[PDB]
Amino acid sequence: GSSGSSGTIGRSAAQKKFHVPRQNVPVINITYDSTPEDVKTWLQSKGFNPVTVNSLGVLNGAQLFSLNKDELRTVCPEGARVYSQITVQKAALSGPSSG
């Protein structure tokens, strides 16, 4: 596609149904001391869009855990959906506390 419009054109598919799970896989989880490479799979496992796993696929569990429903909603449109999935993770490590 050399000739044509000066800019770029390619309107057709917005999603990318590539590299998907097939065989039975174990449950995925992240912590405050997780890697930015593990979160990528944690998001996909749950079944989150690629547009989110890409923007939140470079931040470690610690950083991601810092992002609230707002910060996550800003980086990606599925933020409110992601945070709701992370809240359960943080609550497992530490939430109410005692001291």
# chains A, B, ... in the order shown; residues from 1 in each chain; ligands from 1
>>> residues_around(residues="residue 52 (chain A)", least_positions_apart="5", cutoff="8 Å", atoms="only C-alpha atoms", output="ChimeraX atom specification")
/A:43,57,75-79
>>> atom_distance(atom1="CA of residue 84 (chain A)", atom2="CA of residue 69 (chain A)")
7.7 Å
>>> closest_residue(among="A:48, A:29, A:98, A:2", to="residue 80 (chain A)", atoms="only C-alpha atoms")
A:48
>>> atom_distance(atom1="CA of residue 86 (chain A)", atom2="CA of residue 64 (chain A)")
8.3 Å
>>> atom_distance(atom1="CA of residue 34 (chain A)", atom2="CA of residue 47 (chain A)")
19.4 Å
>>> select_by_dssp(residues="chain A", states="alpha helix (DSSP H)", output="number ranges by chain")
A: 38-46, 50-55, 61-66, 69-75, 79-93
>>> closest_residue(among="A:32, A:91, A:85, A:13", to="residue 63 (chain A)", atoms="only C-alpha atoms")
A:32
>>> closest_residue(among="A:49, A:66, A:31, A:8", to="residue 81 (chain A)", atoms="only C-alpha atoms")
A:49
